[PDB]
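Enquirer: Pasting an experimental structure, sequence included:
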Amino acid sequence: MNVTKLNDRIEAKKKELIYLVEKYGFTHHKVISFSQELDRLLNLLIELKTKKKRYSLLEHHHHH
(Lines give C-alpha, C1' and ligand atoms only; values in the text may rest on other atoms or scores of the structure.)
Protein backbone atom coordinates (compact mmCIF):
# COMPACT_ATOMS: atom_id res chain seq x y z
CA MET A 1 0.00 0.00 0.00
CA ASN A 2 3.01 2.26 0.28
CA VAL A 3 5.57 2.84 -2.46
CA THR A 4 8.58 3.50 -0.22
CA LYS A 5 7.85 0.25 1.62
CA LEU A 6 7.64 -1.43 -1.77
CA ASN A 7 10.99 0.15 -2.74
CA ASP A 8 12.41 -1.13 0.57
CA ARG A 9 11.25 -4.68 0.01
CA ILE A 10 12.89 -4.50 -3.41
CA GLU A 11 16.07 -3.17 -1.80
CA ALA A 12 16.12 -5.97 0.73
CA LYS A 13 15.45 -8.52 -1.98
CA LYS A 14 18.34 -7.14 -4.06
CA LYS A 15 20.64 -7.63 -1.04
CA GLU A 16 19.24 -11.08 -0.36
CA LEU A 17 19.74 -12.00 -4.02
CA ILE A 18 23.39 -10.77 -3.87
CA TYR A 19 23.99 -12.98 -0.84
CA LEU A 20 22.53 -15.96 -2.68
CA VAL A 21 24.73 -15.30 -5.73
CA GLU A 22 27.71 -15.69 -3.45
CA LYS A 23 26.56 -19.05 -2.04
CA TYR A 24 24.74 -20.60 -5.00
CA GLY A 25 25.71 -18.65 -8.04
CA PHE A 26 23.63 -16.60 -10.44
CA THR A 27 23.09 -19.63 -12.67
CA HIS A 28 21.29 -21.35 -9.80
CA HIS A 29 17.52 -21.91 -10.30
CA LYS A 30 16.51 -20.21 -7.04
CA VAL A 31 18.67 -17.19 -7.76
CA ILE A 32 17.16 -16.96 -11.26
CA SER A 33 13.61 -17.23 -9.88
CA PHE A 34 14.30 -14.66 -7.14
CA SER A 35 15.70 -12.37 -9.82
CA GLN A 36 12.38 -12.72 -11.68
CA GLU A 37 10.62 -11.91 -8.42
CA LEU A 38 12.90 -8.92 -7.84
CA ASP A 39 12.12 -7.86 -11.42
CA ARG A 40 8.41 -8.21 -10.63
CA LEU A 41 8.59 -5.69 -7.78
CA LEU A 42 10.87 -3.43 -9.79
CA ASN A 43 8.25 -3.67 -12.54
CA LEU A 44 5.61 -2.62 -9.98
CA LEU A 45 7.38 0.72 -9.57
CA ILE A 46 7.13 1.33 -13.29
CA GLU A 47 3.66 -0.18 -13.61
CA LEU A 48 1.98 1.84 -10.92
CA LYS A 49 3.84 5.03 -11.90
CA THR A 50 2.89 4.59 -15.54
CA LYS A 51 -0.76 4.46 -14.51
CA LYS A 52 -0.67 6.87 -11.43
CA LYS A 53 -4.33 7.72 -12.21
CA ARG A 54 -5.42 4.67 -10.34
CA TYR A 55 -6.07 4.07 -6.66
CA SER A 56 -3.82 1.10 -7.42
CA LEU A 57 -0.87 3.56 -7.11
CA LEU A 58 -1.60 3.28 -3.41
CA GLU A 59 -3.57 0.04 -3.29
CA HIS A 60 -1.09 -2.09 -5.25
CA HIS A 61 -0.96 -4.42 -2.28
CA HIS A 62 -3.76 -4.09 0.28
CA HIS A 63 -6.95 -2.38 -0.80
CA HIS A 64 -8.98 0.40 0.65
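Expert: Arrived safely, thanks for sending. Numbering: from 1, shown residues only.

Enquirer: Can you point out the buried residues in stretch 9-18?
Expert: Residues of stretch 9-18 classed as buried: 10, 13, 17 (neighbour count, 16 or more other Cβ atoms under 10 Å). C-betas here are computed from N, CA, C, even on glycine.

Enquirer: Show the contacting residues for the first one.
Expert: For residue 10, the contacting residues are 38, 41-42, 45, taking Cβ atoms under 8 Å, 6 or more residues apart in numbering as the criterion.

Enquirer: and the residues you listed, which are buried?
Expert: Here, 16+ other Cβ under 10 Å leaves 38, 41 buried among those.

Enquirer: Go through the contacts of residue 10 and name the one nearest residue 3.
Expert: Closest approach between those and residue 3, by Cβ to Cβ: residue 45, at 7.4 Å.

Enquirer: I figured the closest one hits residue 7, correct?
Expert: Yes - with contact defined as Cβ atoms under 8 Å, residue 45 counts as touching residue 7 (7.0 Å).

Enquirer: Next up, the contacts around the residue nearest the centre of the chain.
Expert: In the chain, the centroid-proximal residue (Cα atoms, centre = their mean) is residue 41; its distance is 2.3 Å. Going by Cβ under 8 Å, 6+ apart, residue 41 touches 6, 9-10, 13.

Enquirer: ok, 10 Å please
Expert: By Cβ atoms under 10 Å, 6 or more residues apart in numbering, the contact list for residue 41 reads 6-7, 9-11, 13-14, 60-61.

Enquirer: Same question for residue 24.
Expert: Taking Cβ under 10 Å, 6+ apart, one finds 30-32, 34 in contact with residue 24.

Enquirer: Many thanks, we can stop here.
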